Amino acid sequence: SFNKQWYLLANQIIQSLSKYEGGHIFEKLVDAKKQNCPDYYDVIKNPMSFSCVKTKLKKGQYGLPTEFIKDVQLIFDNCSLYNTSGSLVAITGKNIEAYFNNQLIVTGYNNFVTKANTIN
């Protein structure tokens, strides 16, 4: 069915980000002490990780295909806000963001967004 199909595509796409070079840094939520960034949650008010998105997909918390995109984009927007441009972490965020946006086209995922937008 319609929602089962884009759930399945979203699961495939999120797994491909996890396996992308450097993707491990987005897999779990940042540990502010362990990653030596004690102010992280003072700057990032809406934290997000690949594992959060995987849990939402597993539990059925998404109603619309755009909700998945919004959460993944939030990962990269948090990355670019906290980290200085040209840092190893910022570079990695931009790499995976570009990969992600291409995958949305290549996989057809954007077609589910287009259809769901018409349904309102």
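So that there is no doubt, residue numbering starts at 1 and follows the sequence shown.
Looking at mean Cα B-factors across 12-20 and 107-115, the upper value is held by 107-115. Higher mean CA temperature factor, per the PDB entry, when comparing 98-106 with 21-29: 98-106. The PDB entry assigns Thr66 a C-alpha temperature factor belonging to the middle third of its chain's modelled residues. Ranked by Cα temperature factor within the chain, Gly93 sits in the lowest third according to the deposited record.
The deposited CA B-factor of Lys45 belongs to the highest third of values across its chain. When the CA B factors of the chain's modelled residues are split into thirds, the value for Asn78 lands in the lowest one. Ranked against the other modelled residues of its chain, the C-alpha B-factor of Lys59 as given in the entry falls in the middle third.
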